[PDB]
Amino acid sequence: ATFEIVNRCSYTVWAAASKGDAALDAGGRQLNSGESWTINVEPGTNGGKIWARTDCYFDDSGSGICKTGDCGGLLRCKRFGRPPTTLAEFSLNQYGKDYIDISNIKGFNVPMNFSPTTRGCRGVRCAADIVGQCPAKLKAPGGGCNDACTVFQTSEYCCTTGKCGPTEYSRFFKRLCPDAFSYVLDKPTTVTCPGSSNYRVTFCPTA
């Protein structure tokens, strides 16, 4: 399957693509404002994620660091990024269907639209001004809006014990972006698409 990643933001972003235990395609690449990059994702890929990284600096060796979404200080990501990261998530060819969604469980850094380029289903978007409305305690020093688990590190927000339910911090994200996951046990907002569909992830989608 093909995933076209387009940066429509006025600022440069360093795109990232990984499945947690490995990089997807090149794993990462600098995307100037108005630049697009298409990656190939093997069918059957489960737990894949695509995100943007902001305020980065990398040298010709591939080493560097980013203020949001850093993945082990590498340009070509092999692991998931450090919050805050708006996430495009997908599992392909699952019983003949693809499953996609956007998640704020690891925070929010850049607005995003995640839509198929082929017929059969609809897209998902979270482009509300979450950073501009970010709760005081979730405001991230290097930009973006952190999730509550990253900040407080308690079961109430991290969902590590029995209970775990919606909180004031998860509701912050959910209210602004109802079609995105706001916490671990949030009611699924996943979209079911035909198997082997193609997609486009757009950073800073326009109205």
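Residue indices: 1-based, along the sequence shown.
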Per the entry, where is the mean C-alpha temperature factor higher: 114-122 or 81-89? 114-122
Mean C-alpha temperature factor, higher of 44-52 and 157-165: 157-165
Looking at 27, 141, 34, 69, which has the biggest Cα B factor in the entry? 141
Note to self: of 96, 135, 107, 132, the C-alpha temperature factor tops out at 96
Chain-relative C-alpha B factor for residue 22 (record values, thirds): the highest
Lowest, middle or highest third: where is residue 191 by C-alpha B factor in its chain? middle
Going by the recorded CA B-factors, say which third of the chain residue 182 sits in, lowest, middle or highest. lowest
Would you mind ranking residue 146 by its C-alpha B-factor against the rest of the chain and naming the third, lowest, middle or highest? lowest
